[PDB]
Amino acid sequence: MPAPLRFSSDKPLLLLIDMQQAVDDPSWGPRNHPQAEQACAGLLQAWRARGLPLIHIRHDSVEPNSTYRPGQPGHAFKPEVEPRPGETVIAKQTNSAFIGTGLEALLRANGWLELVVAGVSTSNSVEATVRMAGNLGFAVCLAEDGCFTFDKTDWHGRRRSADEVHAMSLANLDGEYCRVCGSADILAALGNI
């Protein structure tokens, strides 16, 4: 059998993506993983309690009707994963957390080459970020139970449920770009550091 998950470094970095109140609009259709916030909160608490590196990514927009524009309620972090004073928050304007943000240079300057990723949506900004992270040479564990996405019509006109959308993105990501795993296994690997 495969060996249990083990971190190669003593400083894996938790990267939480776009966990902002905007995504709670019921108009964005059904989501999967109703306890994703709780899974992310558990990772965040563990990282904080161990003094491990962590970065919150959040999405900004200049579009005047965007729920992500400054001052709008949707732009705020979800309270379950609200940053603390002094924690690193990096804002982005496109899907990938690397583009226009200086994230790669910051990670490399600090030796943070192993990433634990969670957030929303699995298939949009999470996937965009993870594909680039893997191809840039980062070792990525995607905590899939801390991720969620939404129902989406495919190009042939078939409604795919959020679960289906999630499952197809994970299948495209695993092996090729990252190791897909669960938060419980990640938390267990911390104890081995």
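Heads up: residue numbers just count along the shown sequence, starting at 1.
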query: Comparing 62-70 with 125-133, the one whose average Cα B-factor in the PDB entry is higher; finding: 62-70
query: Per the entry, higher mean C-alpha B factor between 15-23 and 180-188; finding: 180-188
query: Largest Cα B-factor, entry values, listed residues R50, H33, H166, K152; finding: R50
query: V116, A109, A91, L103, ranked by C-alpha B-factor: the highest one; finding: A109
query: Record-listed C-alpha B factor of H156: chain third; finding: highest
query: Within-chain third of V120 by Cα B-factor, per the entry; finding: lowest
query: Chain third (lowest, middle, highest) by recorded CA B-factor, residue given as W28; finding: highest
